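Everything below concerns the one structure shown next.
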Amino acid sequence: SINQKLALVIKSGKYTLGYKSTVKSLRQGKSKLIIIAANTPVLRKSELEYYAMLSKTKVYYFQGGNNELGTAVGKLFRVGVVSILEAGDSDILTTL
Amino acid sequence: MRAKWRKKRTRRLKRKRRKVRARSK
Amino acid sequence: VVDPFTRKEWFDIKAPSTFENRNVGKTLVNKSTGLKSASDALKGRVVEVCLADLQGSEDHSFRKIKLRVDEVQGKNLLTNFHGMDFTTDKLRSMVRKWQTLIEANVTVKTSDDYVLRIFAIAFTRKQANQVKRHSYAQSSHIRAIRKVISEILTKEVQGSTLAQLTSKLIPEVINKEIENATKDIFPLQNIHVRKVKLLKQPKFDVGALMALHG
Amino acid sequence: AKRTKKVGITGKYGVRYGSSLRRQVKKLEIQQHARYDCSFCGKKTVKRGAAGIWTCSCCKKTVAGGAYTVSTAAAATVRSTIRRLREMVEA
Amino acid sequence: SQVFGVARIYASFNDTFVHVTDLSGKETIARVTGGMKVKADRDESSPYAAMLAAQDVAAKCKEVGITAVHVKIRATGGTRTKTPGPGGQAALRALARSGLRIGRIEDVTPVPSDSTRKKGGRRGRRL
Amino acid sequence: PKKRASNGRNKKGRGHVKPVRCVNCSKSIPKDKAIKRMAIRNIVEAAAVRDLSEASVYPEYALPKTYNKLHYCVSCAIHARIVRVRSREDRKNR
Amino acid sequence: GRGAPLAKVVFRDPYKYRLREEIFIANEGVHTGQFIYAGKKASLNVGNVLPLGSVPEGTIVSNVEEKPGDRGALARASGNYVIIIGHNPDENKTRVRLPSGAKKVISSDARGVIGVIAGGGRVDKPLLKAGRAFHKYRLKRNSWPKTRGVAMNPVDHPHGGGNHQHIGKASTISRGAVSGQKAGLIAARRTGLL
RNA sequence: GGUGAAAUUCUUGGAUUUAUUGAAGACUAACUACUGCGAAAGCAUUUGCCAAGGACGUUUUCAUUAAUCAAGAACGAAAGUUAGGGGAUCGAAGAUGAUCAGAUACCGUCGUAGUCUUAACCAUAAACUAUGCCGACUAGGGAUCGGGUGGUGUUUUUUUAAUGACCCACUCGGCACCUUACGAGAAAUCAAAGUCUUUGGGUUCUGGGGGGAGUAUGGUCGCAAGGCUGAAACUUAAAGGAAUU
């Protein structure tokens with residue numbers, strides 16, 4: 001499931017929450033995979049996808065809202081997009 | 001000694017007695 | 001009272017090339033007068049024939065096909081696939097108590113824009129040397145078997161258009177590889193196919209439908 | 001402190017207008033005064049303006065719907081049947 | 001060189017139906033039925049009435065040289081009785097004796113998946 | 001009072017109730033566990049089959065039966081002469 | 001004066017440099033900034049204007065045109081729509097389910113917006129005060145308050161007059177009755193509790 | 001069209017039926033069993049998602065954290081109530097046609113509320129296994145659900161590697177059965193309803209003749225319908241349970 005891997009990443013690997021941390025992370029080049037919610041504004045996720053494919057970064061689509069994304073990652077607030085710099089003890093980069 | 005119909009008649013008597021009580025109070 | 005027979009004519013129908021037999025009966029049709037034009041009223045019609053009649057053998061007795069007419073040409077109207085069904089008098093035979101019934105359904109497309117509703121039926125067999133009484137299913141093998149049978153039939157229909165789907169449905173090789181590829185789940189006897197329902201159609205598509213009678 | 005035990009929202013009407021009238025408008029006022037979330041942000045900020053108006057102060061999106069509920073069961077069933085028909089034609 | 005048809009025998013209760021028609025089903029012939037040859041309100045399903053109905057159907061079948069006809073016997077269906085009427089056997093035997101070719105029998109009574117709750121209520125009919 | 005178990009219901013679940021078929025004594029059966037009397041009566045009764053075999057345009061084939069799973073005999077089949085009233089030798093079978 | 005909202009959609013002129021501001025009946029489930037697809041070759045989505053001749057049976061459509069070119073006749077009140085039963089390829093017509101439960105057959109070239117008009121179930125909350133009714137009817141016409149004809153004067157109404165109060169004659173009025181006598185029930189086939 | 005027999009009703013404007021469909025609602029038939037889950041009510045299509053639960057195996061952990069329940073909270077069949085959606089079949093009321101001395105009952109046809117769902121009430125049943133929960137022992141056998149163990153077990157192929165289907169022997173947890181009664185019971189019967197005069201394992205609740213009466217009143221919850229607690233006056237020598245002719 002997505003939630004267990006997300007929790008394993010949030011416990012071991014580094015992470016940036018929000019928009020601008022994510023954009024600086026990817027733009028510098030450390031980001032390996034980004035997570036975009038379903039209720040994200042089209043233009044927003046479209047640009048994210050453009051940045052990822054120009055920077056050669058994998059893209060995964062999450063069906064749900066920002067609040068459930070926050071609950072899954074382990075933070076009670078809401079998050080529109082997240083990126084993983086290194087998996088750590090996880091293997092989400094290999095599979096999926 | 002039909003329990004159901006005598007029981008229903010008992011509730012009708014309850015209705016009438018409640019109406020009589022509500023007439024004064 | 002007028003005589004309907006003198007006001008009506010006879011018509012002959014030929015089965016598609018999917019079945020080697022051609023003639024599938026004789027349909028009574030009113031004369032196509034200019035006021036009514038009964039010729040175009042024949043487009044929306046179906047004809048139900050037995051597979052045993054359409055094959056000349058006796059192992060197709062419990063199989064039959066309804067055959068929708070597509071084009072009419074000088075008392076020689078030709079027909080096309082509409083949908084087959086297992087006869088209910090026979091369909092109540094192989095189903096018995098003290099055994100498990102298996103039913104799977106799909107909405108898989110084909111190569112000619114047709115959409116079909118394919119179902120299938122599988123049982124559990126009282127194996128040889130058995131001493132038990134019912135040989136019931138574990139209830140989770142059905143969960144494990146439903147996915148594979150749907151997968152194997154969907155991959156078979158995909159990549160093959162309607163013509164060879166029928167040309168291989170009549171021999172009933174579909175249940176041939178079901179048992180051997182699933183010998184590790186249940187004995188799986190009586191894997192005869194079930195109804196196929198065709199929901200949405202493309203346009204008339206003149207010419208290509210002639211090839212089934214060309 | 002919960003000054004009113006059962007009257008709730010409709011305490012301004014006082015003693016008159018009866019009981020059924022006040023209780024019905026009360027049930028309607030709970031749902032029509034409730035805070036909703038825009039389907040595009042997720043924050044509880046949607047508020048009712050005019051009749052059939054579901055405005056917001058943060059998402060800045062107005063979604064037309066019921067005069068007192070942003071999405072009724074009729075909306076759910078009509079969306080379901082319309083998407084069924086759309087799938088059937090587009091299949 | 002024989003011409004076929006569909007007789008679609010409808011064996012119901014208190015009435016019997018025979019309808020010889022082409023395989024297409026959009027054109028039918030000989031609407032004669034069990035009640036055609038009797039006026040009793042209680043002998044419609046009797047074997048004699050069914051035999052007379054089939055004899056009339058067979059006689060009218062060969063108007064312009066119709067040889068054979070398929071049959072498909074059905075009951076009332078729905079959720080009422082789910083069994084063929086007594087006159088069904090007499091109906092299908094009369095025309096067969098009359099020289100009419102019979103074959104490809106098929107039990108076309110409709111059966112539901114426990115739907116459309118039938119007439120009677122919880123306690124049903126009582127006599 | 002007789003009828004310890006009454007019917008075969010020892011577990012729970014209550015099942016459901018199906019309509020009774022052509023009895024004129026239809027009612028809510030005590031669960032699906034009643035007298036069944038499944039019938040495999042043929043579409044054609046005995047005799048008169050020689051006429052059908054000869055009149056068949058094609059040879060052999062045919063001869064199926066009616067496959068009717070019945071649940072119509074419940075607490076009123078004594079009128080219909082199906083279930084026989086018995087005595088303390090009822091220990092046979094269930 | 002309308003419980004249902006108004007959808008203001010701006011179109012693009014395909015003939016000259018201009019953008020047309022259209023006033024549409026606001027359906028439910030449609031939000032500002034979403035693209036309205038007005039035409040025949042569009043897809044079955046809420047807010048689309050697909051004609052009933054290019055849609056299958058059973059679809060829910062609001063703001064149904066009676067005839068082509070009328071530009072809005074049927075299904076204009078909040079919480080109402082139209083259901084399609086069937087269509088005939090010959091002499092193109094569409095069978096519709098009228099919001100009154102009536103039967104009407106119209107041409108297949110009639111446009112309608114897919115969905116249900118917003119503001120459904122508007123008449124669920126009573127008006128309580130006379131002020132709510134007064135404000136409701138101030139925006140429509142001078143039809144409030146309405147006086148009973150039984151507390152009237154003999155000259156003022158046929159139903160009035162008398163020391164006591166009573167209707168006097170039968171309240172049902174024939175369809176062929178002249179103007180002036182049509183006071184009460186008009187062509188009432190049946191009356192009483194339904 | 002129907003009933004034992006009839007009748008209402010629909011039928012040249014085509015009744016009923018058939019063939020092509022389309023739309024609406026409800027259910028999950030056959031598979032359905034002295035076969036299975038849930039505390040109870042209750043659960044009988046496909047697939048995905050979420051969490052929870054019993055049993056099994058453990059040479060892993062805590063350490064007696066444990067059993068029953070006044071007052072006290074949650075679920076809770078059908079029916080009923082509030083406001084929407086839906087409203088196809090059936091259908092409390094009702095409208096009709098019978099039979100009947102009488103029939104607003106049984107019988108045929110329509111038919112509102114209701115039968116389905118949503119948010120909130122209703123807290124009731126032959127809600128029965130009429131048998132409370134926890135723990136221990138006691139004559140046997142067979143079948144069955146889930147798990148596990150051993151036997152080159154018989155099968156499945158690419159005989160054979162495996163899996164899974166079953167065979168044999170056994171185990172735990174069960175729902176439960178068949179023959180007998182050491183024992184109990186007034187008997188019907190019970191592997192407990194046994195281990196109660198040879199009377200005592202722990203715990204909660206209920207009843208002291210039948211009516212009055214689950215009634216009066218007083219409290220309490222409920223929109224209402226209703227639910228919980230709950231008498232007295234007066235009357236009778238019989239009410240009631242198992243089997244026999």
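Bear in mind these aren't lab numbers, they're just calculated from the coordinates by the rules spelled out. Ideal geometry is used to build each Cβ from the backbone, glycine not excepted, and the neighbour counts take in all protein chains shown.
Brief remarks follow.
- Phi to ³J(HN,Hα) by Karplus 6.51 cos²θ - 1.76 cosθ + 1.60 over segment E:14-30, Hz, x for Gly, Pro: 6, 6, 9, 9, 9, 9, 7, 8, 6, 5, 5, x, 8, 9, 10, 9, 6
- Relative to the dominant Cα principal axis of chain D, helix D:73-90 is inclined by about 0°.
- Debye log10 I(q)/I(0) for chain F, one point scatterer per Cα, at q = 0.15, 0.21 Å⁻¹: -0.77, -1.15
- Each of C:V108, C:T88, C:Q73 was placed along the dipole of the protein assembly as shown (beta-carbon charges, centred on the mean Cα), and the one lying farthest toward the positive end is C:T88.
- The magnitude of the dipole of chain E, with charges of +1 and -1 set on the Cβ of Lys/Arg and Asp/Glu and taken from the Cα centre, is near 680 debye.
- Averaged over G:156-162, number of beta-carbon atoms from partner chains that fall within 10 Å: 0
- Chain A: translational diffusion in µm²/s, Stokes-Einstein, Kirkwood Rh over Cα pairs, 25 °C, 0.890 mPa s: 186
- Kirkwood hydrodynamic radius of the protein assembly as shown, Cα pairs, Å: 35.4
- In Hz, Karplus ³J(HN,Hα) per residue of segment G:58-73 (6.51, -1.76, 1.60; θ = phi - 60°; x = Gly, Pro): x, 5, 8, 10, 10, 6, 8, 6, 5, 10, x, x, 6, 6, x, 10
- Principal semi-axes of the equivalent ellipsoid, √(5λ) from the alpha carbon gyration tensor of chain E, are 29, 18, 11 Å from largest down.
- Cβ-defined net charge surrounding A:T94, 13 Å radius [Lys, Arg +1; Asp, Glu -1]: 0
- Taking amide H positions as modeled 1.01 Å from N, with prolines and chain starts lacking one, the residues under 5 Å from F:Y72 and 5 or more places away or on another chain are F:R21.
- Translational D in µm²/s for segment G:20-128 (Stokes-Einstein at 4 °C, 1.567 mPa s, Kirkwood Rh from C-alpha pairs): 90
- Other residues lying with their Cβ under 11 Å from the Cβ of C:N190 contribute a combined charge of +1, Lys and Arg counting +1, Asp and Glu -1.
- Segment G:55-194: radius of gyration over Cα atoms, expressed as a fraction of 2.2 N^0.38 Å: 1.48
- Each of E:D56, F:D32 has some number of other Cβ atoms within 10 Å of its Cβ, and from fewest to most they run F:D32, E:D56.
- Chain E: most fluctuating residue of E:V18, E:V64, E:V111 per GNM, C-alpha cutoff 10 Å: E:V64
- Cα centroid separation, segment C:120-184 to segment G:34-51: 44 Å.
- Partner chain coverage, peptide D:38-44 - average Cβ within 10 angstrom: 5
- Shape descriptor for segment C:77-214: Rg over Rh equals 1.04 (Cα atoms; Rh from the Kirkwood inverse mean 1/r).
- Cα centroids of segment A:1-25 and segment G:79-144: 51 Å apart.
- Normalised contact order of chain G, rounded percent, pairs of Cα under 8 Å and 6 or more residues apart: 16
- In the protein assembly as shown, helices alone account for a calculated mean residue ellipticity at 222 nm of -6500 deg cm²/dmol, with every DSSP H run of four or more residues adding -39,500 (n - 2.57).
- A DSSP coil position with no more than 14 other Cβ atoms inside 10 Å describes the following chymotrypsin sites (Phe, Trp or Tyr not before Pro) in segment A:17-72: A:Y19.
- Size of electric dipole in the protein assembly as shown: Cβ of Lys, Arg +1 and of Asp, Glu -1, about Cα centre, debye, nearest 20: 8920
- Under-5 Å amide H pairs with G:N27, H placed in peptide plane, nonlocal only: G:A118
- Ordering G:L139, G:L52, C:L165 from the fewest to the most neighbouring beta carbons within 10 Å gives G:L139, C:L165, G:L52.
- Fewest-first sequence of F:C25, D:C38 by Cβ atoms within 10 Å of each Cβ: F:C25, D:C38
- Electrostatic dipole magnitude of chain C [Cβ: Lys, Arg +1; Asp, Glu -1; Cα centre; debye, to 20]: 840
- Per residue of peptide C:87-94, the mean number of Cβ atoms on other chains within 10 Å of the residue Cβ is 5.
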